[PDB]
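Pasting input-v3.tsv here (TSV, C-alpha atoms):
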```
chain	number	residue	atom	x	y	z
U	1	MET	CA	-15.77	-85.91	70.46
U	2	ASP	CA	-13.66	-83.55	68.36
U	3	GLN	CA	-16.62	-83.25	65.96
U	4	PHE	CA	-18.91	-82.07	68.74
U	5	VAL	CA	-16.72	-80.00	71.02
U	6	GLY	CA	-16.57	-76.48	69.58
U	7	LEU	CA	-20.08	-76.55	68.12
U	8	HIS	CA	-22.27	-73.44	68.33
U	9	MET	CA	-25.98	-74.32	67.92
U	10	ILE	CA	-29.43	-72.75	68.06
U	11	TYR	CA	-32.47	-75.00	68.43
U	12	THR	CA	-36.21	-74.70	68.97
U	13	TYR	CA	-37.96	-77.15	71.27
U	14	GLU	CA	-41.33	-78.57	70.25
U	15	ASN	CA	-42.93	-76.28	72.83
U	16	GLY	CA	-41.52	-73.38	70.79
U	17	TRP	CA	-38.77	-72.36	73.21
U	18	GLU	CA	-35.58	-71.21	71.41
U	19	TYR	CA	-32.21	-71.96	72.96
U	20	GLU	CA	-28.60	-71.33	72.02
U	21	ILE	CA	-25.62	-73.39	73.17
U	22	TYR	CA	-21.85	-73.25	72.72
U	23	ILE	CA	-19.80	-76.35	73.49
U	24	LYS	CA	-16.81	-74.29	74.56
U	25	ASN	CA	-14.60	-77.20	75.52
U	26	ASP	CA	-14.91	-80.85	76.52
U	27	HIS	CA	-16.29	-79.95	79.97
U	28	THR	CA	-17.75	-76.42	79.62
U	29	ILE	CA	-20.67	-74.71	77.91
U	30	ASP	CA	-22.03	-71.19	77.52
U	31	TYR	CA	-25.72	-70.75	76.71
U	32	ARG	CA	-28.34	-68.15	75.98
U	33	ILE	CA	-32.13	-68.53	76.22
U	34	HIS	CA	-34.07	-66.57	73.62
U	35	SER	CA	-37.69	-67.45	74.42
U	36	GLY	CA	-39.97	-69.49	76.64
U	37	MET	CA	-40.29	-69.62	80.42
U	38	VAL	CA	-36.84	-68.15	81.09
U	39	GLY	CA	-36.16	-66.19	77.92
U	40	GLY	CA	-33.51	-63.57	78.62
U	41	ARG	CA	-31.46	-65.86	80.86
U	42	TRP	CA	-27.84	-66.51	79.90
U	43	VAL	CA	-24.94	-68.37	81.39
U	44	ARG	CA	-21.17	-68.64	80.88
U	45	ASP	CA	-18.66	-71.25	82.03
U	46	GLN	CA	-21.12	-73.94	83.11
U	47	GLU	CA	-19.23	-77.13	83.99
U	48	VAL	CA	-20.74	-80.14	82.21
U	49	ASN	CA	-20.29	-83.84	81.57
U	50	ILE	CA	-20.02	-84.57	77.83
U	51	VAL	CA	-19.93	-88.08	76.32
U	52	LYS	CA	-20.31	-89.68	72.91
U	53	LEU	CA	-22.96	-92.41	73.14
U	54	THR	CA	-22.35	-93.84	69.68
U	55	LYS	CA	-21.63	-92.52	66.19
U	56	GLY	CA	-23.42	-89.18	65.79
U	57	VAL	CA	-25.02	-89.03	69.26
U	58	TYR	CA	-23.69	-86.99	72.16
U	59	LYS	CA	-24.88	-86.28	75.68
U	60	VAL	CA	-24.36	-83.14	77.76
U	61	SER	CA	-25.46	-83.14	81.42
U	62	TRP	CA	-25.10	-80.78	84.38
U	63	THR	CA	-26.65	-79.23	87.46
U	64	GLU	CA	-27.03	-75.47	87.96
U	65	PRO	CA	-26.64	-72.94	90.81
U	66	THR	CA	-30.50	-72.74	90.83
U	67	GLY	CA	-30.76	-76.49	91.49
U	68	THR	CA	-32.02	-77.28	87.98
U	69	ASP	CA	-30.74	-80.54	86.47
U	70	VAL	CA	-30.30	-80.96	82.71
U	71	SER	CA	-29.58	-83.85	80.36
U	72	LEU	CA	-29.36	-83.09	76.64
U	73	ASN	CA	-28.75	-85.40	73.71
U	74	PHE	CA	-27.60	-84.04	70.35
U	75	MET	CA	-27.94	-85.73	66.97
U	76	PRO	CA	-26.12	-83.16	64.83
U	77	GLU	CA	-26.21	-85.13	61.56
U	78	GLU	CA	-30.02	-85.14	61.82
U	79	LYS	CA	-30.24	-81.54	63.09
U	80	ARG	CA	-32.18	-82.84	66.07
U	81	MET	CA	-31.70	-82.85	69.82
U	82	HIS	CA	-33.71	-83.89	72.89
U	83	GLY	CA	-33.54	-82.27	76.28
U	84	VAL	CA	-34.91	-83.04	79.71
U	85	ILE	CA	-34.84	-80.24	82.25
U	86	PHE	CA	-35.75	-80.86	85.87
U	87	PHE	CA	-36.73	-77.47	87.32
U	88	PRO	CA	-37.11	-77.00	91.07
U	89	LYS	CA	-40.68	-75.96	91.91
U	90	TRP	CA	-39.60	-72.42	92.79
U	91	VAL	CA	-38.12	-71.83	89.34
U	92	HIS	CA	-41.45	-72.73	87.77
U	93	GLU	CA	-43.22	-70.50	90.30
U	94	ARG	CA	-40.83	-67.55	89.89
U	95	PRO	CA	-38.85	-67.95	86.67
U	96	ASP	CA	-38.05	-64.21	86.74
U	97	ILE	CA	-35.58	-64.78	89.59
U	98	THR	CA	-33.37	-66.86	87.26
U	99	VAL	CA	-33.69	-64.53	84.26
U	100	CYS	CA	-30.42	-62.63	84.28
U	101	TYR	CA	-26.75	-63.02	83.40
U	102	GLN	CA	-26.41	-65.78	85.95
U	103	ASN	CA	-22.67	-65.27	86.50
U	104	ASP	CA	-23.37	-61.93	88.21
U	105	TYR	CA	-25.95	-63.51	90.55
U	106	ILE	CA	-24.64	-66.92	91.65
U	107	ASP	CA	-25.21	-66.14	95.34
U	108	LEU	CA	-28.80	-65.10	94.65
U	109	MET	CA	-29.46	-68.41	92.87
U	110	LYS	CA	-28.03	-70.47	95.75
U	111	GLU	CA	-29.81	-68.36	98.35
U	112	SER	CA	-33.10	-68.86	96.49
U	113	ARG	CA	-32.72	-72.62	96.07
U	114	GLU	CA	-32.29	-73.09	99.83
U	115	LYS	CA	-35.07	-70.69	100.82
U	116	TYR	CA	-37.87	-71.72	98.43
U	117	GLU	CA	-39.57	-75.05	97.70
U	118	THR	CA	-38.00	-77.66	95.44
U	119	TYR	CA	-40.78	-80.23	95.13
U	120	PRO	CA	-42.61	-81.26	93.15
U	121	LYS	CA	-40.27	-80.60	90.27
U	122	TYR	CA	-41.44	-79.23	86.94
U	123	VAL	CA	-39.95	-81.55	84.33
U	124	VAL	CA	-39.78	-80.59	80.66
U	125	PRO	CA	-38.77	-83.30	78.17
U	126	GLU	CA	-38.85	-82.24	74.50
U	127	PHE	CA	-37.22	-82.71	71.12
U	128	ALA	CA	-35.91	-79.67	69.29
U	129	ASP	CA	-34.99	-78.84	65.71
U	130	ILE	CA	-31.45	-77.51	65.27
U	131	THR	CA	-31.77	-74.40	63.08
U	132	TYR	CA	-28.16	-73.23	63.28
U	133	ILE	CA	-25.00	-75.30	63.62
U	134	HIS	CA	-21.41	-74.14	63.19
U	135	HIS	CA	-18.03	-75.38	64.36
U	136	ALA	CA	-16.86	-72.22	66.09
U	137	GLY	CA	-13.68	-73.70	67.54
U	138	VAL	CA	-12.74	-74.34	71.16
U	139	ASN	CA	-12.46	-71.76	73.98
U	140	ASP	CA	-13.71	-68.76	72.02
U	141	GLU	CA	-14.75	-66.41	74.82
U	142	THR	CA	-16.61	-64.07	72.44
U	143	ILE	CA	-19.27	-66.45	71.06
U	144	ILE	CA	-21.70	-65.95	73.95
U	145	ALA	CA	-20.80	-62.65	75.58
U	146	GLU	CA	-23.93	-60.49	75.76
U	147	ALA	CA	-27.57	-60.76	76.82
U	148	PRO	CA	-30.06	-62.07	74.25
U	149	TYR	CA	-32.32	-59.61	72.42
U	150	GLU	CA	-35.16	-59.72	69.91
U	151	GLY	CA	-33.89	-60.76	66.48
U	152	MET	CA	-30.51	-62.00	67.65
U	153	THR	CA	-30.99	-65.58	66.43
U	154	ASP	CA	-31.98	-64.38	62.95
U	155	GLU	CA	-28.82	-62.25	62.89
U	156	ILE	CA	-26.74	-65.28	63.83
U	157	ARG	CA	-28.42	-67.41	61.16
U	158	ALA	CA	-28.15	-64.65	58.55
U	159	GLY	CA	-24.39	-64.61	59.18
D	1	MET	CA	-40.16	-97.71	70.11
D	2	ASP	CA	-41.78	-101.16	69.80
D	3	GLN	CA	-38.33	-102.74	69.85
D	4	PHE	CA	-37.54	-101.03	73.14
D	5	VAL	CA	-40.79	-100.98	75.11
D	6	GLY	CA	-41.13	-104.39	76.78
D	7	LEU	CA	-37.40	-104.93	77.22
D	8	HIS	CA	-36.11	-106.49	80.43
D	9	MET	CA	-32.42	-105.65	81.01
D	10	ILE	CA	-29.60	-106.02	83.48
D	11	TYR	CA	-26.65	-103.70	83.20
D	12	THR	CA	-23.39	-104.08	85.07
D	13	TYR	CA	-20.94	-101.32	85.99
D	14	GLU	CA	-17.15	-101.66	85.91
D	15	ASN	CA	-17.18	-102.15	89.70
D	16	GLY	CA	-19.56	-105.11	89.33
D	17	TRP	CA	-22.74	-103.43	90.58
D	18	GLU	CA	-25.78	-104.88	88.80
D	19	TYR	CA	-28.89	-102.79	88.01
D	20	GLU	CA	-32.08	-104.23	86.52
D	21	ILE	CA	-34.80	-102.41	84.61
D	22	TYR	CA	-38.05	-103.37	82.90
D	23	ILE	CA	-39.56	-101.06	80.31
D	24	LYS	CA	-43.11	-102.01	81.24
D	25	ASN	CA	-44.84	-99.67	78.80
D	26	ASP	CA	-44.17	-96.48	76.85
D	27	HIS	CA	-44.36	-94.32	80.02
D	28	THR	CA	-43.60	-96.69	82.92
D	29	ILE	CA	-40.68	-98.68	84.30
D	30	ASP	CA	-40.06	-101.08	87.17
D	31	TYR	CA	-36.52	-101.44	88.51
D	32	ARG	CA	-34.44	-103.41	90.98
D	33	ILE	CA	-30.93	-102.79	92.29
D	34	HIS	CA	-28.94	-105.90	93.15
D	35	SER	CA	-25.66	-104.59	94.51
D	36	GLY	CA	-23.72	-101.51	95.53
D	37	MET	CA	-24.58	-98.66	97.86
D	38	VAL	CA	-28.32	-98.98	97.26
D	39	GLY	CA	-28.51	-102.72	96.63
D	40	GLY	CA	-31.90	-103.95	97.80
D	41	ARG	CA	-33.75	-100.90	96.50
D	42	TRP	CA	-36.59	-101.62	94.09
D	43	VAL	CA	-39.36	-99.68	92.48
D	44	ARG	CA	-42.59	-100.42	90.58
D	45	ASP	CA	-44.79	-98.23	88.37
D	46	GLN	CA	-42.36	-95.33	88.02
D	47	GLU	CA	-43.71	-92.80	85.51
D	48	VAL	CA	-41.04	-91.94	82.91
D	49	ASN	CA	-40.36	-90.10	79.64
D	50	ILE	CA	-39.22	-92.53	76.95
D	51	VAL	CA	-38.05	-91.40	73.50
D	52	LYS	CA	-36.16	-92.85	70.56
D	53	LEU	CA	-33.31	-90.48	69.70
D	54	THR	CA	-32.30	-92.27	66.52
D	55	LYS	CA	-31.93	-95.84	65.24
D	56	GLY	CA	-30.86	-98.01	68.18
D	57	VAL	CA	-30.65	-95.20	70.74
D	58	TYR	CA	-33.30	-94.63	73.42
D	59	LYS	CA	-33.66	-92.26	76.40
D	60	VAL	CA	-35.55	-92.91	79.65
D	61	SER	CA	-35.81	-90.00	82.12
D	62	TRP	CA	-37.66	-89.36	85.39
D	63	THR	CA	-37.64	-87.80	88.81
D	64	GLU	CA	-38.11	-89.86	91.99
D	65	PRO	CA	-39.99	-89.50	95.32
D	66	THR	CA	-36.55	-89.13	96.94
D	67	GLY	CA	-35.83	-86.06	94.77
D	68	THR	CA	-33.30	-87.92	92.62
D	69	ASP	CA	-33.37	-87.11	88.86
D	70	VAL	CA	-32.36	-89.72	86.30
D	71	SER	CA	-31.62	-89.76	82.59
D	72	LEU	CA	-30.57	-93.04	81.01
D	73	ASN	CA	-29.64	-93.78	77.42
D	74	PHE	CA	-29.77	-97.33	76.05
D	75	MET	CA	-27.95	-98.57	72.94
D	76	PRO	CA	-29.27	-102.16	72.85
D	77	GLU	CA	-27.50	-103.25	69.63
D	78	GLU	CA	-24.13	-102.27	71.11
D	79	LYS	CA	-25.11	-103.73	74.50
D	80	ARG	CA	-24.22	-100.42	76.18
D	81	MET	CA	-26.00	-97.82	78.30
D	82	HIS	CA	-25.08	-94.48	79.82
D	83	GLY	CA	-26.75	-93.02	82.87
D	84	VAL	CA	-26.58	-89.73	84.69
D	85	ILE	CA	-28.13	-89.58	88.15
D	86	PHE	CA	-28.52	-86.34	90.08
D	87	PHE	CA	-28.63	-87.29	93.76
D	88	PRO	CA	-29.74	-84.90	96.47
D	89	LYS	CA	-27.01	-84.42	99.09
D	90	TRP	CA	-29.03	-86.43	101.66
D	91	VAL	CA	-29.20	-89.55	99.48
D	92	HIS	CA	-25.42	-89.52	99.33
D	93	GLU	CA	-25.23	-89.35	103.15
D	94	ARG	CA	-28.12	-91.69	103.97
D	95	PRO	CA	-28.50	-94.03	100.95
D	96	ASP	CA	-29.86	-96.70	103.33
D	97	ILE	CA	-33.11	-94.76	103.66
D	98	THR	CA	-33.80	-95.38	99.95
D	99	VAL	CA	-33.11	-99.12	100.23
D	100	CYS	CA	-36.58	-100.66	100.44
D	101	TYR	CA	-39.57	-101.46	98.24
D	102	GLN	CA	-40.05	-97.79	97.53
D	103	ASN	CA	-43.77	-98.11	96.85
D	104	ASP	CA	-44.40	-99.06	100.50
D	105	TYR	CA	-42.50	-96.00	101.75
D	106	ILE	CA	-43.39	-93.05	99.53
D	107	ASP	CA	-44.24	-90.94	102.59
D	108	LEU	CA	-40.84	-91.68	104.12
D	109	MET	CA	-39.03	-90.68	100.91
D	110	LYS	CA	-40.93	-87.39	100.78
D	111	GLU	CA	-40.47	-86.67	104.49
D	112	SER	CA	-36.75	-87.30	104.03
D	113	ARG	CA	-36.24	-85.07	100.98
D	114	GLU	CA	-37.78	-82.16	102.90
D	115	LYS	CA	-36.11	-82.81	106.26
D	116	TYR	CA	-32.55	-83.30	104.99
D	117	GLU	CA	-30.14	-81.36	102.75
D	118	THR	CA	-30.73	-81.19	99.00
D	119	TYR	CA	-27.56	-79.33	98.00
D	120	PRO	CA	-24.90	-79.68	96.82
D	121	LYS	CA	-26.10	-82.41	94.50
D	122	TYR	CA	-23.95	-85.24	93.29
D	123	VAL	CA	-23.97	-85.65	89.52
D	124	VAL	CA	-22.97	-89.22	88.67
D	125	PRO	CA	-22.49	-90.05	84.96
D	126	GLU	CA	-21.30	-93.52	83.96
D	127	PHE	CA	-21.42	-96.10	81.17
D	128	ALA	CA	-22.42	-99.70	81.82
D	129	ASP	CA	-22.48	-102.88	79.77
D	130	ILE	CA	-25.86	-104.47	79.10
D	131	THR	CA	-25.36	-108.02	80.39
D	132	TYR	CA	-28.95	-109.30	79.99
D	133	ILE	CA	-31.54	-108.26	77.46
D	134	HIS	CA	-34.84	-109.96	76.74
D	135	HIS	CA	-38.11	-108.78	75.25
D	136	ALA	CA	-40.53	-109.74	78.01
D	137	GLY	CA	-43.54	-108.05	76.49
D	138	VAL	CA	-45.57	-105.09	77.69
D	139	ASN	CA	-47.43	-104.62	81.01
D	140	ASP	CA	-46.20	-107.85	82.54
D	141	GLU	CA	-46.61	-107.29	86.27
D	142	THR	CA	-44.68	-110.45	87.16
D	143	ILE	CA	-41.25	-109.37	85.88
D	144	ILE	CA	-40.27	-107.21	88.86
D	145	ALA	CA	-42.56	-108.23	91.70
D	146	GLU	CA	-40.34	-109.08	94.66
D	147	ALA	CA	-37.28	-107.80	96.52
D	148	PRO	CA	-33.86	-108.71	95.14
D	149	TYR	CA	-31.66	-111.36	96.77
D	150	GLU	CA	-28.16	-112.74	96.19
D	151	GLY	CA	-28.23	-114.93	93.09
D	152	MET	CA	-31.35	-113.40	91.59
D	153	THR	CA	-29.52	-111.96	88.56
D	154	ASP	CA	-28.08	-115.41	87.88
D	155	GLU	CA	-31.60	-116.84	88.08
D	156	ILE	CA	-32.88	-114.20	85.67
D	157	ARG	CA	-30.22	-115.00	83.07
D	158	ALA	CA	-30.57	-118.78	83.54
D	159	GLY	CA	-34.34	-118.76	83.43
D	160	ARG	CA	-34.46	-116.15	80.67
D	161	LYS	CA	-36.92	-114.33	82.86
```
Have the structure of the file written as structure tokens, please.
Amino acid sequence: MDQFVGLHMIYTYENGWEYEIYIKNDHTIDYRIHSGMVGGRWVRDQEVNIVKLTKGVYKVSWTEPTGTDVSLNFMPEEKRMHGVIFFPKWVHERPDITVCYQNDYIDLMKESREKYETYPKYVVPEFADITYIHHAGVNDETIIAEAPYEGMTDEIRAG
Amino acid sequence: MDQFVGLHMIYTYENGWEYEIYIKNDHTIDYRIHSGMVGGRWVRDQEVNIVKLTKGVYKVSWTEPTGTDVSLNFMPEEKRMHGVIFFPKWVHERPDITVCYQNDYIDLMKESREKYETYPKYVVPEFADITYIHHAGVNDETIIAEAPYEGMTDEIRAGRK
């Protein structure tokens, strides 16, 4: 677990969606979505379950204020990951509602998830290629601290 | 994938609860719960996402008519699995509703998930030991074809099937 906790990664799913994650500590992540259905969305201080399945394979799972459920597996040695995201129907129907700095709009997310339809869920299971991976250390509050913008991931990769 | 698809497994939690799964084909499972809060529940022809993450590590994920979301990992060579289940609030309060041959009560599951509370959800992540594992072959409709009963897991292990 000490090899995984503290990792800062960018990855592109096979559907082309580019995501950025920071494993801030053994039960918390920050993340930033750069493209795809909810590009522009970003989140800090998401509580998560993190386990090591076996040598080189980790699992990060959580549920969100929107109702979305997520289970990710990371294979850092192979620069691969796989994610399954279970979106409530309303998120698929109105992804714009969730596209914000979520921490400023928690009440809106919870209000929406009670007021709109949940079923059937829109489930997205895909592999992704890890294109950036760095051990950034634990509890660095500055890694993910602004909204995503065009070209940001190239900047991060360029150093 | 050909090592994993067709597997019939029982896995047992630390508390003794026994869960049974059959990887019927590369996008379908049957399952049967033998003990615990939803003992008696069983399901056929559940559509799933199955992938091989790396050598010896597989992932099976799906959402259910009850609204429950599931993502399991299997590590057959180490005889271990890890599951995370995201239960709607109502399944936590009325698990008995889900205890049945689900296929005969799809309408009830869907009525329930709309009528009762969804949130807050209960996220339940736990390892289990794989305590039975047998390649039963693909698309065998006879593996999970009846409701569970006390002693059935013993019969499965003793009959290798």
How would you write as a PyMOL selection string the residues that get within 7 Å of (-30.2, -105.0, 82.0) in the file's frame, counting only C-alpha atoms?
-> chain D and resi 8-11+19-21+130-133
Name the residues within 9 Å of (-40.3, -63.2, 84.7), counting all atoms listed in the file in the file's coordinates, and put them as an MDAnalysis selection string.
-> chainID U and resid 37:39 94:99
Return the neighbours of chain D among the residues of chain U, cut-off 10 Å, counting only C-alpha atoms, as an mmCIF file with C-alpha atoms, keeping the file's coordinate frame.
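Once written, iface.cif looks like this:
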```cif
data_model
loop_
_atom_site.group_PDB
_atom_site.id
_atom_site.type_symbol
_atom_site.label_atom_id
_atom_site.label_comp_id
_atom_site.auth_asym_id
_atom_site.auth_seq_id
_atom_site.Cartn_x
_atom_site.Cartn_y
_atom_site.Cartn_z
ATOM 1 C CA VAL U 48 -20.740 -80.140 82.210
ATOM 2 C CA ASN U 49 -20.290 -83.840 81.570
ATOM 3 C CA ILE U 50 -20.020 -84.570 77.830
ATOM 4 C CA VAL U 51 -19.930 -88.080 76.320
ATOM 5 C CA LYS U 52 -20.310 -89.680 72.910
ATOM 6 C CA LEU U 53 -22.960 -92.410 73.140
ATOM 7 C CA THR U 54 -22.350 -93.840 69.680
ATOM 8 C CA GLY U 56 -23.420 -89.180 65.790
ATOM 9 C CA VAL U 57 -25.020 -89.030 69.260
ATOM 10 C CA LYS U 59 -24.880 -86.280 75.680
ATOM 11 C CA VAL U 60 -24.360 -83.140 77.760
ATOM 12 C CA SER U 61 -25.460 -83.140 81.420
ATOM 13 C CA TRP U 62 -25.100 -80.780 84.380
ATOM 14 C CA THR U 63 -26.650 -79.230 87.460
ATOM 15 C CA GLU U 64 -27.030 -75.470 87.960
ATOM 16 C CA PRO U 65 -26.640 -72.940 90.810
ATOM 17 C CA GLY U 67 -30.760 -76.490 91.490
ATOM 18 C CA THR U 68 -32.020 -77.280 87.980
ATOM 19 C CA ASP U 69 -30.740 -80.540 86.470
ATOM 20 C CA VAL U 70 -30.300 -80.960 82.710
ATOM 21 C CA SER U 71 -29.580 -83.850 80.360
ATOM 22 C CA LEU U 72 -29.360 -83.090 76.640
ATOM 23 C CA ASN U 73 -28.750 -85.400 73.710
ATOM 24 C CA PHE U 74 -27.600 -84.040 70.350
ATOM 25 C CA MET U 75 -27.940 -85.730 66.970
ATOM 26 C CA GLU U 78 -30.020 -85.140 61.820
ATOM 27 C CA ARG U 80 -32.180 -82.840 66.070
ATOM 28 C CA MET U 81 -31.700 -82.850 69.820
ATOM 29 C CA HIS U 82 -33.710 -83.890 72.890
ATOM 30 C CA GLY U 83 -33.540 -82.270 76.280
ATOM 31 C CA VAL U 84 -34.910 -83.040 79.710
ATOM 32 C CA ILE U 85 -34.840 -80.240 82.250
ATOM 33 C CA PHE U 86 -35.750 -80.860 85.870
ATOM 34 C CA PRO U 88 -37.110 -77.000 91.070
ATOM 35 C CA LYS U 110 -28.030 -70.470 95.750
ATOM 36 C CA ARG U 113 -32.720 -72.620 96.070
ATOM 37 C CA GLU U 114 -32.290 -73.090 99.830
ATOM 38 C CA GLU U 117 -39.570 -75.050 97.700
ATOM 39 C CA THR U 118 -38.000 -77.660 95.440
ATOM 40 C CA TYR U 119 -40.780 -80.230 95.130
ATOM 41 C CA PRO U 120 -42.610 -81.260 93.150
ATOM 42 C CA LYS U 121 -40.270 -80.600 90.270
ATOM 43 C CA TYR U 122 -41.440 -79.230 86.940
ATOM 44 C CA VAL U 123 -39.950 -81.550 84.330
ATOM 45 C CA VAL U 124 -39.780 -80.590 80.660
ATOM 46 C CA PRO U 125 -38.770 -83.300 78.170
ATOM 47 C CA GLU U 126 -38.850 -82.240 74.500
ATOM 48 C CA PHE U 127 -37.220 -82.710 71.120
#
```
Would you list the contacts of stretch 93-102 of chain D as a VMD selection string, taking every protein, DNA or RNA residue within 12 Å and counting all atoms listed in the file, but skipping same-chain residues closer than 6 positions in sequence?
-> chain D and resid 30 to 46 64 to 68 87 108 to 113 116 to 122 144 to 148
Hey, can you spit out that residue selection with C-alpha atoms as a PDB file, keeping the file's coordinate frame?
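Here's the written file part.pdb:
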```pdb
ATOM      1  CA  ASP D  30     -40.060-101.080  87.170  1.00  0.00           C
ATOM      2  CA  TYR D  31     -36.520-101.440  88.510  1.00  0.00           C
ATOM      3  CA  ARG D  32     -34.440-103.410  90.980  1.00  0.00           C
ATOM      4  CA  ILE D  33     -30.930-102.790  92.290  1.00  0.00           C
ATOM      5  CA  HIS D  34     -28.940-105.900  93.150  1.00  0.00           C
ATOM      6  CA  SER D  35     -25.660-104.590  94.510  1.00  0.00           C
ATOM      7  CA  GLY D  36     -23.720-101.510  95.530  1.00  0.00           C
ATOM      8  CA  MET D  37     -24.580 -98.660  97.860  1.00  0.00           C
ATOM      9  CA  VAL D  38     -28.320 -98.980  97.260  1.00  0.00           C
ATOM     10  CA  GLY D  39     -28.510-102.720  96.630  1.00  0.00           C
ATOM     11  CA  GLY D  40     -31.900-103.950  97.800  1.00  0.00           C
ATOM     12  CA  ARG D  41     -33.750-100.900  96.500  1.00  0.00           C
ATOM     13  CA  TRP D  42     -36.590-101.620  94.090  1.00  0.00           C
ATOM     14  CA  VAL D  43     -39.360 -99.680  92.480  1.00  0.00           C
ATOM     15  CA  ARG D  44     -42.590-100.420  90.580  1.00  0.00           C
ATOM     16  CA  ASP D  45     -44.790 -98.230  88.370  1.00  0.00           C
ATOM     17  CA  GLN D  46     -42.360 -95.330  88.020  1.00  0.00           C
ATOM     18  CA  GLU D  64     -38.110 -89.860  91.990  1.00  0.00           C
ATOM     19  CA  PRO D  65     -39.990 -89.500  95.320  1.00  0.00           C
ATOM     20  CA  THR D  66     -36.550 -89.130  96.940  1.00  0.00           C
ATOM     21  CA  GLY D  67     -35.830 -86.060  94.770  1.00  0.00           C
ATOM     22  CA  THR D  68     -33.300 -87.920  92.620  1.00  0.00           C
ATOM     23  CA  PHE D  87     -28.630 -87.290  93.760  1.00  0.00           C
ATOM     24  CA  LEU D 108     -40.840 -91.680 104.120  1.00  0.00           C
ATOM     25  CA  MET D 109     -39.030 -90.680 100.910  1.00  0.00           C
ATOM     26  CA  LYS D 110     -40.930 -87.390 100.780  1.00  0.00           C
ATOM     27  CA  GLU D 111     -40.470 -86.670 104.490  1.00  0.00           C
ATOM     28  CA  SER D 112     -36.750 -87.300 104.030  1.00  0.00           C
ATOM     29  CA  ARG D 113     -36.240 -85.070 100.980  1.00  0.00           C
ATOM     30  CA  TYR D 116     -32.550 -83.300 104.990  1.00  0.00           C
ATOM     31  CA  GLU D 117     -30.140 -81.360 102.750  1.00  0.00           C
ATOM     32  CA  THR D 118     -30.730 -81.190  99.000  1.00  0.00           C
ATOM     33  CA  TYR D 119     -27.560 -79.330  98.000  1.00  0.00           C
ATOM     34  CA  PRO D 120     -24.900 -79.680  96.820  1.00  0.00           C
ATOM     35  CA  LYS D 121     -26.100 -82.410  94.500  1.00  0.00           C
ATOM     36  CA  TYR D 122     -23.950 -85.240  93.290  1.00  0.00           C
ATOM     37  CA  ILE D 144     -40.270-107.210  88.860  1.00  0.00           C
ATOM     38  CA  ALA D 145     -42.560-108.230  91.700  1.00  0.00           C
ATOM     39  CA  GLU D 146     -40.340-109.080  94.660  1.00  0.00           C
ATOM     40  CA  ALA D 147     -37.280-107.800  96.520  1.00  0.00           C
ATOM     41  CA  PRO D 148     -33.860-108.710  95.140  1.00  0.00           C
TER      42      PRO D 148
END
```
Quick one: residues within 9 Å of residue U:42, only C-alpha atoms counted, chain neighbours fewer than 6 positions away excluded, as a ChimeraX atom specification?
-> /U:30-34,99-103,144,146-148
Straight-line distance linking atom CA of residue D:143 with atom CA of residue D:129, stated in Å to one decimal |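 According to the coordinates, atom CA of residue D:143 and atom CA of residue D:129 are separated by 20.8 Å.
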Straight-line distance linking atom CA of residue D:3 with atom CA of residue D:24, stated in Å to one decimal =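 That distance, rounded to one decimal, is 12.4 Å.
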How far is it from atom CA of residue D:115 to atom CA of residue U:89, in Å with one decimal?
->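 Distance between the two atoms: 16.5 Å.
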Determine the nearest neighbour of residue U:158 from the options U:22, U:132, U:13, U:87, counting only C-alpha atoms.
->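 That would be U:132, the residue with the smallest distance to residue U:158.
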Nearest to residue U:45 among U:115, U:58, U:11, U:24, with distances taken over all atoms listed in the file: which residue is it?
->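 The shortest atom-to-atom distance to residue U:45 comes from U:24.
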Of U:47, U:14, U:107, U:2, the one sitting nearest residue U:136 when using all atoms listed in the file is U:2
Kindly output stretch 115-121 of chain U as a JSON list (two decimals), in the frame of the given file, after building N, CA, C and O atoms.
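Written out: part22.json:
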```json
[["chain", "number", "residue", "atom", "x", "y", "z"],
["U", 115, "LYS", "N", -33.99, -71.39, 100.13],
["U", 115, "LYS", "CA", -35.07, -70.69, 100.82],
["U", 115, "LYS", "C", -36.48, -71.03, 100.30],
["U", 115, "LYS", "O", -37.45, -70.96, 101.06],
["U", 116, "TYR", "N", -36.58, -71.39, 99.02],
["U", 116, "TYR", "CA", -37.87, -71.72, 98.43],
["U", 116, "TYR", "C", -38.05, -73.23, 98.26],
["U", 116, "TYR", "O", -37.13, -74.00, 98.51],
["U", 117, "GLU", "N", -39.24, -73.64, 97.83],
["U", 117, "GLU", "CA", -39.57, -75.05, 97.70],
["U", 117, "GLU", "C", -38.97, -75.67, 96.45],
["U", 117, "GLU", "O", -38.88, -75.03, 95.41],
["U", 118, "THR", "N", -38.59, -76.94, 96.56],
["U", 118, "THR", "CA", -38.00, -77.66, 95.44],
["U", 118, "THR", "C", -39.01, -78.59, 94.77],
["U", 118, "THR", "O", -38.96, -78.79, 93.56],
["U", 119, "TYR", "N", -39.91, -79.15, 95.58],
["U", 119, "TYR", "CA", -40.78, -80.23, 95.13],
["U", 119, "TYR", "C", -42.25, -79.84, 95.17],
["U", 119, "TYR", "O", -42.67, -79.10, 96.06],
["U", 120, "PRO", "N", -43.04, -80.36, 94.22],
["U", 120, "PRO", "CA", -42.61, -81.26, 93.15],
["U", 120, "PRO", "C", -41.90, -80.52, 92.02],
["U", 120, "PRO", "O", -42.19, -79.35, 91.74],
["U", 121, "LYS", "N", -40.98, -81.21, 91.37],
["U", 121, "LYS", "CA", -40.27, -80.60, 90.27],
["U", 121, "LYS", "C", -41.15, -80.46, 89.04],
["U", 121, "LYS", "O", -42.10, -81.22, 88.85]]
```
